[PDB]
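Before any questions on binding or motion, here is one chain by itself as structure tokens, the form deposited in one PDB entry.
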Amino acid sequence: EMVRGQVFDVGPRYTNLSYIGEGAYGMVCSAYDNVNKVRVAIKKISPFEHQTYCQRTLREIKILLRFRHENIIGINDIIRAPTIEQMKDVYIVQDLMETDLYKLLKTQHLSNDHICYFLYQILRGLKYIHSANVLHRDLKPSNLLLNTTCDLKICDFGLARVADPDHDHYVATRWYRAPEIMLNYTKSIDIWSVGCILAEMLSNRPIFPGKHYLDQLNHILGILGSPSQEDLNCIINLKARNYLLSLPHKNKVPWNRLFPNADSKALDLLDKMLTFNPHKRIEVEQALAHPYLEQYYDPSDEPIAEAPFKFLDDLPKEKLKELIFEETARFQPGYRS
């Protein structure tokens, strides 16, 4: 019941606990699941003090319970107190994943074969996600869990949103942030993130590691070159245009110069994913159908969602608490309807 001076309390079903790390709002352990007779991961989540924590928790739970896909982490079980007032923590049980792409990239240079199949698995999961009209919004190496080269699962849907092109209208990770987000809710933002992930696999370093959002745009233009007038016009803001229109002119760095050892087909796909103008950026199905992925592409083995997803939110943390209580009742004794 105790791990490192803190209560876990997932028993009696989950025992033989072993600390593995920290997450958003609490520790993560591996545990022995006595029912399924296998070790699992359990995240302890304590979001109730802060409204935003409650939002991400509710969002991730609602989405993950509805998605069912081999490249997306599932939720196996949810532990919580019998009464709301007693509910201070939520324990989310999921398949144990050995590591993630962020940890992996710190220790290994990936072969072209491994990059190719990792990329396929990411886009296969993304295809399902986008077919449900959902945007992940925070794709990055630490959100790609791994057991082996053939076993990748996208995780952390705490920031996911239903796609909504007309909106307008908390941030997603700067280095993986699409230029349109900084310059003015579309599927294209996830494709950009995946492109940053592909570039990172090719060289073991973030392609665009900006310090702040203007520095981020600077890194992007530093490689793609100064934006064209056509791409410049499609900026709903003034700043940009003006404001850079206001900086030195920059030429496009050729991808093969930036990545001299990379497969030319990988670089061709990378080029389509990392295009400034989101309207011209490659879409998920197109990316799966790219020659780089032709040895894997198989629409008959690439499930999509049954029904498009529909859940807005400026709700106080007390109303969200009840909603988390409702979504998790499923896993309680005596649940009906």
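Residue numbers run from 1 along the displayed sequence. Take the two forms, find the largest set of C-alpha atoms that superpose within 1.5 Å, and that set is the rigid core.
One more form of this protein exists, namely the form deposited in another entry; it is left out here, but the text below deals with it.
J.: Could you check which of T148, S111, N256, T107 shows a C-alpha shift of 2 Å or more between this form and the one not shown after a rigid core superposition?
T.: Going through each option, the one that shifts is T148.
J.: Since the CA distance of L293 and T149 differs by 3 Å or more in that other deposited form, is it closer or farther than in the form displayed?
T.: Compared with the form shown here, the C-alpha atoms of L293 and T149 sit farther apart in that other deposited form, by 3 Å or more.
J.: Classify the change in Cα distance between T149 and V40 in that other deposited form as closer or farther, relative to the shown form (magnitude of 3 Å or more).
T.: Closer in that other deposited form, by 3 Å or more.
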